[PDB]
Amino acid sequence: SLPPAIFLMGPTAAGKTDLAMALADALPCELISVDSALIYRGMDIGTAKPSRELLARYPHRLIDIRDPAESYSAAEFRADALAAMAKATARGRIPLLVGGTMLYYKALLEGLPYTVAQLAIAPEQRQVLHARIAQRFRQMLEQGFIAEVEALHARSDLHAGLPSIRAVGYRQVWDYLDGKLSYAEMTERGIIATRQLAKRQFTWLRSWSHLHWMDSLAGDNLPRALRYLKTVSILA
């Protein structure tokens, strides 16, 4: 009789964090981030990290747990997630792992003493996701993405080749700061990189079994999700 757990994956910008918070208000959950970039402190705007205020009312595990000068392996995620899941479970809370880093989920499922319900969200038309990706990136620039990266760029202990700087978009802003690119080239290439990420995520997901999809444009995802729980043998 393995305790319950929820997986909420999908491409970047699909609306995973949004739905997770919604679900966090419907059931006793423990939000656990599954994102290789959100682990880094000081990388909030460019990574679409939930605001300080939102995190206060929707605490996430595995967020701001590492300095940008540090590395983080899928193996460390593995141990960290298992720890967070056991801790949440002992409290009666349902582990809700939400994120788009597929290698992490993979590491957990393979390398799980839980009855896992797997959800995935994305638009039916990929063109819709691309438009959002482009617009969200432009918003990041307005919210201070460049100044955010300037602070990293100014650290002598950081360089463009580090795992943290590989977070999509950061390398482009970094090169801009090095004066290698124009503002336009930085924007376009940053959007391309993110679109490339979404493509890699769809490839992981398309061959992913036991997934219950949902539409990013749907407005009744909350009730739709709460209903699936029973299907995979889970009494909520």
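So that there is no doubt, residue numbering starts at 1 and follows the sequence shown.
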| field | Between residue 92 and residue 93 - deposited residues without coordinates, as a size class | value | none
| remark: Avg C-alpha B-factor, entry values, 35-43 vs 203-211, higher side is 203-211
| request: Look up the CA B-factors in the entry and say which stretch, 226-234 or 1-9, has the higher mean. | output: 226-234
| query | Quick one: which of 81, 147, 96, 122 has the biggest Cα B-factor according to the entry? | reply | 122
| message | Highest Cα temperature factor in the entry, among the options 189, 52, 195, 61: which one is it? | response | 52
| Going by the entry, which third of its chain does the Cα temperature factor of residue 76 land in? | middle
| task | Using the B-factors in the PDB entry, rank residue 139's C-alpha atom against the chain and give the third, lowest, middle or highest. | result | middle
| In terms of the chain's CA B-factor thirds, is residue 179 lowest, middle or highest? | middle
| Which third, lowest, middle or highest, does the CA B-factor of residue 126 fall in along this chain? | highest
| message | Taking only the Cα B-factors deposited for this chain, tell me whether residue 88 sits in the lowest, middle or highest third. | response | middle
